[PDB]
Each structure stands twice: as C-alpha cells, then as structure tokens.
Amino acid sequence: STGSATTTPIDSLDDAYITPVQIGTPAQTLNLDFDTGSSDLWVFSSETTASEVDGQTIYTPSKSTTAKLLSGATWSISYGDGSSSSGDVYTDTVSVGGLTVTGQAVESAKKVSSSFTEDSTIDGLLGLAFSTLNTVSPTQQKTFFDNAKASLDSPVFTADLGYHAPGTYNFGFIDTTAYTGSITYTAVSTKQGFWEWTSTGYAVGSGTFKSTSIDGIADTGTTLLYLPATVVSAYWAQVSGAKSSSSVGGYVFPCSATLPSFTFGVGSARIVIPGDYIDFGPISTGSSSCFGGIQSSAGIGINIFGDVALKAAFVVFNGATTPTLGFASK
C-alpha cells in the first residue's frame, strides 16, 4: 500500500504545516501537524476542556463506531517549545492520503497548553519519530508509520514541504518526479528516539564550505533551523545590522536586508537554503526588525534541522531495519 497527502502552511510564514487525517467511522477529518520530532498522535477532542478549545476541529470518539477506549492508558507530553498536552487514549481507524491503519492509538486531549489553544489551525499532532518516544502509559503505543510499515510497498515516508506553498507527505514510495538530481542517504542514530544524523558542514552565501560534523535531528514539527552558536554567528555576521537580542529571544535583522543563502552538507552533497527562507518577518506587527530563521541551539541541547532546512529538500525517512535519511534538492 501507499498514501499521499498534501500538507499546507498554516500561515504566511510557514510556521507549521497541516495535513488532513481521517479518524474513525464515519471519518472525522482533522488537520494535524506531522512531526518527525515526536511520536504521539494526539487530537483535540470532545474530552478537551472547553475553555481550551478555540476554533479547532475535534475528534468525538463516541460518534465513531470503530473507536475503543484503550483502558487505563494515559499520555502526557511536553515539547521543546514549552507547550504540552495530556489525556486518555482510544484506538481507532486512521487514514492518511488513502493509507489506512486499523487499531491506531489516538490520544485524546483532556488538557492542552495555551499555545495549542491559541492556534485554531492545528487540530493535533501526528508523530513520526521512533515509537520509543511515545508517551502512552502504562503500555507504549506505536506511531502511525510504525503501524503502517509492514503494509507499505517500501518502509519509507517522504517530506516535501513547500516554501509559501503546499507540499506533500508520501508513505510507502519515493516519487522520483519530486526532486532533481539524486538522493544522498546518510546514517541515522535512533538512540534518542529521533531521526538523528550528522551533517558534514556548511557554507554562508557564496562563501567557502566549512567541513565540520554537525549532529542534529530532522524535525518537521520545528519551524526554524537551530545550529551551534559558532555557525549561527558566522551566518548573521554576513547580514548588516543583524544582532542577537536577548529581549526578543534570538537573532534579529533589519527587514530591509537581503539575506544570504545557507548551505548544509549531506555526505558529499549540498542542500542550499535560499536567503528568503530565513526571513520570518517583523518581530511584531509593523516593526522593521525581522526575526531570523537560523538560531542558536546552545540552550536546547541538540541541533534541529527544522522546516527552514527541510523545505529546501526532498527528504526520505527510510524506516528499514537500519533507518537512514535521504536528502535531494528540488
């Protein structure tokens, strides 16, 4: 089997992407944030505290003839941005782009943090990291991909995120028309539960490539590119007037600037992020200070190849017995 679904930016900045997901019988379609940095499929629901729902579409398990409470199971998650959610668990039928999994754990939110409430466009998350990170207790549950894997034509999914445009998540096949050149594959460590890999270096603009190992994770659920302070300083030094602002929370730059590209290495291959992908717009409405899309990871503990980086590539998440990642230009 295969599946193919369009993923759409939630706003004009590409802050996140939503993909329609069919849950239950008859189908309830929710728009979920596919997140290769986490491993829970959780949804706004009829169980979510009413004051914490503000425009999201909810899953109502009592209206699904295939929903079953997973007795005793609870979940609770905290994300790298400080947001969180928790609740109980049903199993139900879940379909993405024509690919159906029966018995998928659907984690129903009883509580969500304010950032989720405040984003009416995201009805939940669909985690695509390794199932060892799933938070369901006392019996950890499998991701949608893990459950689908055996049925897929090939045990892979691909992320093709758009710049200010829709893109595609495919399951079970490589669309060889969706990228240019060849795909370069690179080793993955699953030791932390992430799609963790080592970039071979970077370049700023038309500058020389610096060969240096940068361990990080491929994370579709993180907007920006978070890299070591040395790398980030080297990038922003090429933008007149750019500075790190403690009050804003990162590097800012004059909105009148033209940003240089940023290149990262994948083996001997190179992925070029155009400068315009690094512009996240005014820090507040009407400001002439703009927020940078490349930020320091120094306070995170891990480097994160988020959407800024991934949307410059066609990315293969190869879930074979020994997982690997693939990157192609597009």
# chains A, B, ... in the order shown; residues from 1 in each chain; ligands from 1
$ select_by_dssp --residues "region 71-151 of chain A" --states "helix (DSSP H, G or I)" --output "list in words"
residues 114, 115, 116, 117, 131, 132, 133, 144, 145, 146, 147, 148, 149, 150 and 151 of chain A
$ residues_around --residues "residue 242 (chain A)" --least-positions-apart "5" --cutoff "6 Å" --atoms "only C-alpha atoms" --output "list in words"
residues 236, 252 and 253 of chain A
$ write_last_selection --atoms "N, CA, C and O atoms" --output "mmCIF file, in the first residue's frame"
data_model
loop_
_atom_site.group_PDB
_atom_site.id
_atom_site.type_symbol
_atom_site.label_atom_id
_atom_site.label_comp_id
_atom_site.auth_asym_id
_atom_site.auth_seq_id
_atom_site.Cartn_x
_atom_site.Cartn_y
_atom_site.Cartn_z
ATOM 1 N N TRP A 236 25.007 35.209 10.627
ATOM 2 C CA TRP A 236 24.448 36.543 10.833
ATOM 3 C C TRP A 236 25.494 37.643 10.714
ATOM 4 O O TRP A 236 25.128 38.798 10.440
ATOM 5 N N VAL A 252 17.893 38.865 15.263
ATOM 6 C CA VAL A 252 17.014 39.740 14.504
ATOM 7 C C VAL A 252 17.867 40.485 13.489
ATOM 8 O O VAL A 252 19.084 40.602 13.628
ATOM 9 N N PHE A 253 17.216 40.999 12.457
ATOM 10 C CA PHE A 253 17.934 41.701 11.406
ATOM 11 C C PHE A 253 17.020 42.755 10.797
ATOM 12 O O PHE A 253 15.791 42.675 10.920
#
$ residues_around --residues "region 176-189 of chain A" --least-positions-apart "5" --cutoff "7 Å" --atoms "only C-alpha atoms" --output "list in words"
residues 195, 196, 197, 266, 267, 269, 314, 323, 324, 325, 326, 327, 328, 329 and 330 of chain A
$ select_by_dssp --residues "region 37-224 of chain A" --states "strand (DSSP E)" --output "tab-separated table (two decimals) with C-alpha atoms, in the first residue's frame"
chain	number	residue	atom	x	y	z
A	41	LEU	CA	-0.76	11.08	17.57
A	42	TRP	CA	-2.92	13.34	19.70
A	43	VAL	CA	-6.04	15.34	18.88
A	68	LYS	CA	-12.48	1.74	21.53
A	69	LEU	CA	-11.15	3.13	24.80
A	70	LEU	CA	-7.65	1.82	25.50
A	71	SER	CA	-8.43	1.02	29.09
A	72	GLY	CA	-6.15	2.58	31.67
A	73	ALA	CA	-3.96	4.34	29.13
A	74	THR	CA	-2.95	7.96	29.62
A	75	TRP	CA	-0.50	10.25	27.90
A	76	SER	CA	1.30	13.48	28.69
A	77	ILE	CA	3.80	15.28	26.52
A	78	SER	CA	5.97	18.38	26.74
A	84	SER	CA	2.25	20.46	26.42
A	85	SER	CA	-0.89	18.35	26.34
A	86	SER	CA	-2.30	15.26	28.05
A	87	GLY	CA	-5.29	12.95	28.17
A	88	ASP	CA	-6.54	9.42	27.59
A	89	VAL	CA	-6.38	7.07	24.62
A	90	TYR	CA	-8.65	5.38	22.11
A	91	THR	CA	-7.82	3.02	19.32
A	92	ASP	CA	-9.49	3.78	16.00
A	93	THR	CA	-9.04	3.62	12.26
A	94	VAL	CA	-6.77	6.36	10.91
A	95	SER	CA	-6.21	7.13	7.24
A	96	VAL	CA	-3.69	9.49	5.65
A	99	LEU	CA	-3.35	4.72	3.55
A	100	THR	CA	-5.38	3.14	6.37
A	101	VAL	CA	-4.20	1.81	9.74
A	102	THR	CA	-6.65	-0.02	11.98
A	103	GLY	CA	-6.17	-0.02	15.71
A	104	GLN	CA	-4.08	3.17	15.77
A	105	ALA	CA	-3.69	4.79	19.18
A	106	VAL	CA	-5.45	8.15	19.00
A	107	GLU	CA	-4.53	10.16	22.07
A	108	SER	CA	-7.47	12.33	23.07
A	109	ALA	CA	-6.54	15.58	24.78
A	110	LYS	CA	-8.19	16.44	28.06
A	111	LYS	CA	-5.82	19.39	28.51
A	112	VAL	CA	-3.71	21.42	26.09
A	124	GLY	CA	-3.46	17.89	16.86
A	125	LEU	CA	-0.13	16.27	16.08
A	126	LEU	CA	0.82	13.11	14.22
A	127	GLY	CA	4.22	11.98	15.46
A	156	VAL	CA	9.58	4.80	3.96
A	157	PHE	CA	7.85	8.13	4.10
A	158	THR	CA	8.90	11.37	2.45
A	159	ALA	CA	8.50	15.03	3.38
A	160	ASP	CA	8.32	17.59	0.58
A	167	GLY	CA	3.74	20.28	-0.36
A	168	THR	CA	3.35	16.54	0.11
A	169	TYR	CA	3.81	13.71	2.59
A	170	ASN	CA	4.05	10.34	0.87
A	171	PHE	CA	4.04	6.93	2.55
A	184	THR	CA	22.00	11.26	-0.85
A	185	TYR	CA	21.41	8.94	2.08
A	186	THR	CA	23.09	9.36	5.45
A	187	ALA	CA	23.22	7.31	8.63
A	196	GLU	CA	19.29	12.00	14.25
A	197	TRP	CA	22.05	12.38	11.66
A	198	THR	CA	25.35	14.20	11.11
A	199	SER	CA	25.66	16.97	8.57
A	200	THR	CA	29.09	17.28	7.00
A	201	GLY	CA	29.33	21.09	7.21
A	202	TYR	CA	28.01	24.40	6.00
A	203	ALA	CA	28.55	27.48	3.88
A	204	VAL	CA	27.20	31.01	4.21
A	210	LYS	CA	33.39	24.52	6.13
A	211	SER	CA	33.77	20.78	6.68
A	212	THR	CA	32.64	20.04	10.22
A	213	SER	CA	30.35	17.43	11.74
A	214	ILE	CA	27.02	18.78	12.98
A	215	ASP	CA	24.84	16.21	14.74
A	216	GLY	CA	21.17	17.10	14.71
A	217	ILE	CA	17.64	15.91	14.12
A	218	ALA	CA	15.33	16.16	11.13
$ residues_around --residues "residue 307 (chain A)" --least-positions-apart "4" --cutoff "6 Å" --atoms "only C-alpha atoms" --output "list in words"
residues 220, 223, 224 and 311 of chain A
$ residues_around --residues "residue 165 (chain A)" --least-positions-apart "5" --cutoff "9 Å" --atoms "only C-alpha atoms" --output "ChimeraX atom specification"
/A:7-9,14
$ write_last_selection --atoms "N, CA and C atoms" --output "mmCIF file, in the first residue's frame"
data_model
loop_
_atom_site.group_PDB
_atom_site.id
_atom_site.type_symbol
_atom_site.label_atom_id
_atom_site.label_comp_id
_atom_site.auth_asym_id
_atom_site.auth_seq_id
_atom_site.Cartn_x
_atom_site.Cartn_y
_atom_site.Cartn_z
ATOM 1 N N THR A 7 0.246 18.705 2.268
ATOM 2 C CA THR A 7 0.480 19.437 3.502
ATOM 3 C C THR A 7 0.541 20.926 3.175
ATOM 4 N N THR A 8 -0.089 21.749 4.013
ATOM 5 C CA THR A 8 -0.353 23.149 3.678
ATOM 6 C C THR A 8 0.161 24.037 4.804
ATOM 7 N N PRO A 9 0.910 25.107 4.509
ATOM 8 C CA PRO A 9 1.339 26.009 5.585
ATOM 9 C C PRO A 9 0.139 26.621 6.296
ATOM 10 N N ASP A 14 4.960 30.122 6.960
ATOM 11 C CA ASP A 14 5.276 28.698 7.043
ATOM 12 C C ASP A 14 5.642 28.299 8.472
#
$ atom_distance --atom1 "CA of residue 82 (chain A)" --atom2 "CA of residue 20 (chain A)"
25.1 Å
$ closest_residue --among "A:229, A:58, A:312, A:174" --to "residue 262 (chain A)" --atoms "only C-alpha atoms"
A:312
$ atom_distance --atom1 "CA of residue 4 (chain A)" --atom2 "CA of residue 222 (chain A)"
21.7 Å
$ residues_around --residues "residue 142 (chain A)" --least-positions-apart "4" --cutoff "8 Å" --atoms "only C-alpha atoms" --output "ChimeraX atom specification"
/A:39,104-105,131,134,146-147
$ atom_distance --atom1 "CA of residue 117 (chain A)" --atom2 "CA of residue 38 (chain A)"
19.2 Å
$ closest_residue --among "A:194, A:163, A:116, A:277" --to "residue 35 (chain A)" --atoms "only C-alpha atoms"
A:194
$ residues_around --residues "region 284-286 of chain A" --least-positions-apart "3" --cutoff "12 Å" --atoms "only C-alpha atoms" --output "number ranges by chain"
A: 248, 252, 255, 280-281, 289-291
$ closest_residue --among "A:34, A:251, A:144, A:17" --to "residue 293 (chain A)" --atoms "only C-alpha atoms"
A:251
